[PDB]
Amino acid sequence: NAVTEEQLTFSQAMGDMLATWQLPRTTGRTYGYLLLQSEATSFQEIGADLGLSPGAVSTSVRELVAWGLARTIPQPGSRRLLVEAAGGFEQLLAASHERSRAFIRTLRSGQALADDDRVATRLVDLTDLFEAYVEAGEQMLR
């Protein structure tokens, strides 16, 4: 029905969003699904509700747990796991911050290679703005 379609399209959009951090689209789709579930769900349920193969569900859940976006829960009397959304974007955003720190080092390397005052100053000004931008969000993670 209409609500199922809205939840599935939200899942699809979350796949595209988490791909900005190089997570496979199926992993973000699984996350978007979990976000709208009120109770923990089995791997079988995730697969049935998203039309995913068991290997795809297993891989996605493992990635989400590794990134602090989900938690797996054992079940009495079975090896089957339940899954729920958990944590948040802190770990993904910290990883993005670290990539930006490597970018800052590349920019500072260019500053050092500059063999002309005009070239050096241009790179200093470019780098200072980017550093200010990068560390604005770092205060949010703080």
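The first residue of the shown sequence is 1; numbering continues from there.
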Of 2 to 10 and 133 to 141, the stretch whose C-alpha atoms average the higher B-factor in the entry: 133 to 141
Entry-level comparison of average CA B-factors, 27 to 35 and 50 to 58, reporting the higher stretch: 50 to 58
For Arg108, the third of its chain into which the C-alpha B factor falls: lowest
Position of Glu45 among the chain's modelled residues by C-alpha B-factor, lowest, middle or highest third: middle
